[PDB]
């Protein structure tokens, strides 16, 4: 990753702004999850027998920008590399899944259609989270998925094409809160080093 350039190791949930990028590090506290901020839009995460975690850099609020990201994602088990964010009013968690490893996180949903963007095809899903952690505390909220059929690490995400496809499928979005290039994991180990450009 950033080698000597990695910032102080973070092992418990926190947010901030580092080198002009918003960063969110959330963990339920299972296993060992270690996050570091690098120069510019870089972050690194290393995990071992984790619980649930979601971490990365981007913007707060998000403004539907075209994202470019680079780097490496090396899971050993259940992990997702995604454009990840929240809307408020209504409260929505959303995922533009670039790669998943051993578990399709769209599992438990009727497919609502497809969007073709950034040289790939994404399947669209909606689910519900009940009494779940959120940017508002314990809450019930809609989850929207765009899941790339040809997994990749890096490239361009035109977030507005996803938002448009979701609105077209009848999925309402609120006021944008954060939007990051996230590494997520559950009951797994791995490492990732991702640069948001």
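Numbering follows the first chain given and starts at 1.
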Checklist outcome for this item: Quick note on 120 to 128 and 87 to 95: per-entry mean CA temperature factor is higher in 120 to 128
Next on the checklist: Tell me which stretch has the larger mean Cα B-factor in this entry, 1 to 9 or 186 to 194.
Outcome noted: 1 to 9
Item to check | Residue with highest C-alpha B-factor in the PDB entry, from 157, 153, 54, 139 | outcome: 139
Checklist outcome for this item: For 106, 79, 74, 82, the deposited C-alpha B-factor is largest at 106
Checklist entry - Lowest, middle or highest third: where is residue 45 by C-alpha B factor in its chain? => result lowest
Checklist entry - By its CA B factor, does residue 60 count among the lowest, middle or highest third of the modelled residues in the chain? => result middle
Item to check | residue 37 by Cα B-factor - lowest, middle or highest third of the modelled chain | outcome: lowest
